[PDB]
Amino acid sequence: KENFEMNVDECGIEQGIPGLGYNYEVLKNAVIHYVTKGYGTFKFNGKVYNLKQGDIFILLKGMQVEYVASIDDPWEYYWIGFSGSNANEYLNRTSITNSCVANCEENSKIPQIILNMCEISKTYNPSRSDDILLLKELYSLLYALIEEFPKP
Amino acid sequence: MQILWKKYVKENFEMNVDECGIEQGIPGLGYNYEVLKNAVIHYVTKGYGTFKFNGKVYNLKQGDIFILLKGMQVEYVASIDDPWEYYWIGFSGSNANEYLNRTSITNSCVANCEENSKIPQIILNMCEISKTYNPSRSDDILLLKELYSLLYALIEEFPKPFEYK
Ligand SMILES: OC[C@H]1O[C@@H](O[C@H]2[C@H](O)[C@@H](O)[C@H](O)O[C@@H]2CO)[C@H](O)[C@@H](O)[C@H]1O
């Protein structure tokens, strides 16, 4: 119901409103975002990233962040909030938590896993074991982040 | 008779891969004991053997699964003529034991995999990963992913009526 080792906290899909975003200190453990369409800007630690389709950004507890949809073509993004002792150990095996921004390559497994987790969560039915399927997918996602963004 | 027997640490309390192995049976030889481990699923890949539990006898062949649960008094023995080969996954955890309550397989502890079953590929993949187990390449994440896949496939292919509480 709430797992300690590996937990899918929340899944969502946001359509940005032109020029609108968020500016706050992250409370949640970890939230990975995948940009499916349009444009927005992520600002962290004095750096600015103009993101587009194929881009990922990750929020971690304690980060002071600003992210805003572009005026002209405001982004759509899929997001997975997750927690757990296993999850935080696996996040330390990827380089993505250095800048907290990355570009998915053409043959990336990451987009299909994030889209599949958000699809499952739309009709979430634990009596049909959708809970097993979301945890399966979270383990797949963390493996794919490590494989595609290794710590060298 | 063990081609493979990889024992893992009880690292996790929610879901843990305890061990993976491959046994080629010796004609007429087997085991007779009270299960100590949480749960062990066996998939028969070739040949024939017999599983005996609670006064029932099952002659198993390729495609068959049998599951051992803590406290079961069991005997399983390779046939004389064409002794079985079987792959096995030992696993534990609070999530694992909750998911086992959603499948009908724990009634007789024996089942037959259908033609289009996902179970054989997952078990064979987990035993293959265990052969060159490398946690620095995150083989630990891969085995847990596969164990979640395995428990999902058991529930999908051997459903029990279940209302989530
Ligand atoms: O665990 C599956 C594995 O069991 C072996 O038998 C062992 C068992 O693992 C152990 O807990 C118990 O104490 O003794 C048994 C041997 O008597 C089987 O040898 C192997 O083929 C698998 O089925």
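Convention: sequence-line order gives letters A, B, ...; per-chain numbering from 1. Just so you know, ligand 1 is whichever comes first in the structure, and atom 1 is the first atom listed for that ligand.
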Heavy-atom side-chain proximity of B:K118 to B:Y152 below 4.5 angstrom: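 The answer is no; the side chains never approach within 4.5 Å.
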Any side-chain heavy-atom pair from B:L144 and A:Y90 closer than 4.5 angstrom?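 In contact.
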Out of B:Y86, B:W88, B:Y76, B:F66, who is nearest to atom 21 (O) of ligand 1 when you count heavy atoms only?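 Checking each option, the heavy atom nearest atom 21 (O) of ligand 1 is found in B:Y86.
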Looking only at the aromatic ring of each residue, does the gap between the centers of A:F44 and A:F57 stay below 6.0 angstrom?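 Ring centres of A:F44 and A:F57 not closer than 6.0 Å.
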Test your reading of the structure: does B:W5 have an N or O sitting under 3.5 Å from an N or O of ligand 1?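 Among all N and O atoms of B:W5, none is under 3.5 Å from an N or O of ligand 1.
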Give the atoms of ligand 1, by number and element, whose distance to some non-hydrogen atom of [X] is under 4.0 Å.
| X | value |
| --- | --- |
| B:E19 | 1 (O) |
| B:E23 | 20 (C), 21 (O) |
| B:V40 | 1 (O), 2 (C) |

So which of B:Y86, B:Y58, B:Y87 actually passes ring-ring contact (aromatic ring centres under 6.0 Å, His included) with B:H42?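 Going through B:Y86, B:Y58, B:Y87 one by one, the ring-ring contact (aromatic ring centres under 6.0 Å, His included) with B:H42 is satisfied by B:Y86 alone.
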Looking at residues at least two apart in the chain, or sitting in another chain, which of them share a side chain to side chain contact (heavy atoms under 4.5 Å, CB included) with A:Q112?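 Residues passing side chain to side chain contact (heavy atoms under 4.5 Å, CB included) with A:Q112: A:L115, A:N116.
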